[PDB]
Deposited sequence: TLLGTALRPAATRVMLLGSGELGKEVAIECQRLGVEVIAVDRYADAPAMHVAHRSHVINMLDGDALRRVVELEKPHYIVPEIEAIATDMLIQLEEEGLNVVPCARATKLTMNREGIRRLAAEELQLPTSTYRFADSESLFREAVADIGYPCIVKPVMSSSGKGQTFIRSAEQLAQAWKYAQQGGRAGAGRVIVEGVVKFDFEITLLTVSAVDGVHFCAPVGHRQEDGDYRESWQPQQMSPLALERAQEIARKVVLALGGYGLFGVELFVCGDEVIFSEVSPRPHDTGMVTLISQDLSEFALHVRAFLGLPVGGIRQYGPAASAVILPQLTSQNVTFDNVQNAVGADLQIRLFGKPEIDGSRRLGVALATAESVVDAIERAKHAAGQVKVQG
């Protein structure tokens, strides 16, 4: 591995496609190794751009645009932060010699539930929830019919629980199908798990390594809190890793992956996977020697991970206000930091509704205490408009 000096002619260049808070930390980790960072997004002043060398505002769903910025910047690595990109142009660019992290196929399979679900379920023969894909309400209707209640319906091209609907009644169908169209879907058979985890799996030169399992709390399709390590059976864990390894290897390429699983007893079920750092993984900003962000960069740059140290019970708790403003201020911060307590404020230029503006990070003697400590600090911050 040979790295140049940022801004100099031999500099190594990283293009970030998506400049939110996750991209912001990858940017910091690149900066730490003197890697040149170009932050791209669909709006100006996205958090990653504050810390990048330069930025571009584009319609990332626009392949030609994507091609134009890439071509212009000639990056060594292209790192997408989100799903909402023209993965087709990624494939081409890759085919053309660009290094897409972890690999372009990976991005593609994961932006569509059909791909990923089929791969895992069918191709890899892994435990997942019961499901069915539908192209028409009739079929939708037909499908929900076969899955039963309750059931989840999601757009094959959805995230943050967008267009999704939890179905316990035939009456929602009308709207359910409509939401899911707001035109193909999946109907999944609700799983009754003890808890949900994120298994942060890094694929690198020295193989696949796992971070301690990350548990978390979702609400209204937003993770609220995450913690590490989530208490799991040795057997349960062994199984989770097996599934994660098969999947990551199956998708291919070096990088940090967020493998979403459900745990019931010693039983593990595959849900989905992010071919990049996952929001729940923000707890690794205080819980490990190497954050998920640092791991992603180490991996993609072709460097060996070797090992991941975990520092005890730890937690993250989001700062998720809901208001409209283009001039947010945060008061009472002195009560949101302290021993074994930190906070991050993203630099997002405005908000109009519900948005994640920062996160509180905490460590403690117990996972439970870590969670309270983190929750309490996020809650002391007064978000003003």
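What are the C-alpha gaps when you align the coordinates back onto the deposited sequence? According to the record, the single gap falls at 183-188.
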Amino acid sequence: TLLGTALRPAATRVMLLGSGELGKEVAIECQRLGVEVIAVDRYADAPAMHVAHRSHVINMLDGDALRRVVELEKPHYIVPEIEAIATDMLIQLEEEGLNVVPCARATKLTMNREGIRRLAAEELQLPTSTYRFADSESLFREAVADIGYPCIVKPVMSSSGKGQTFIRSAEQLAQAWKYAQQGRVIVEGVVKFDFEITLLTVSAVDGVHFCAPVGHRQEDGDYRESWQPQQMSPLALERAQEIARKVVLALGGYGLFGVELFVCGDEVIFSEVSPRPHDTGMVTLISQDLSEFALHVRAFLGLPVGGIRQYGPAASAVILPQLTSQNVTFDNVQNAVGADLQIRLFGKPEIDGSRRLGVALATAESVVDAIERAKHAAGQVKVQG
From here on, numbers count along this sequence of modelled residues.
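Only the largest set of C-alpha atoms that superpose within 1.5 Å between the two forms is called the rigid core.
Segment of greater CA departure in 6 other deposited structures of this protein, 133-141 or 299-307, core superposed: Stretch with the higher C-alpha RMS distance in 6 other deposited structures of this protein: 133-141.
More shifted region, core-based fit in 6 other deposited structures of this protein, 171-179 vs 116-124 by CA: Taking the RMS over all superposed structures in 6 other deposited structures of this protein, 171-179 lies farther out.
Can you tell me whether 338-346 has a higher mean C-alpha B factor than 58-66 in this record, or the other way round? Stretch with the higher mean C-alpha B-factor: 58-66.
Given the B-factors recorded for C-alpha atoms, which segment has the greater mean, 195-203 or 142-150? Mean B over CA atoms: larger for 142-150.
Largest Cα B-factor, entry values, listed residues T165, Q230, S287, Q218: Largest recorded C-alpha B-factor: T165.
Out of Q241, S169, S271, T280, which shows the largest CA B-factor listed in the entry? It is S169.
Rank-wise, by C-alpha B-factor, drop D266 into the lowest, middle or highest third of its chain. Middle third, going by the recorded CA B-factors of the chain.
Please place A294 in the lowest, middle or highest third of its chain by C-alpha B factor as given in the entry. Bottom third by C-alpha B-factor.
What third of the chain, by the recorded C-alpha B-factor, contains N99? It belongs to the middle third of the chain when residues are ordered by C-alpha B-factor.
Lowest, middle or highest third: where is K246 by C-alpha B factor in its chain? Middle third - that is where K246 ends up once the chain's C-alpha B-factors are sorted.
Record-listed C-alpha B factor of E372: chain third: Its C-alpha B-factor belongs to the middle third of this chain's values.
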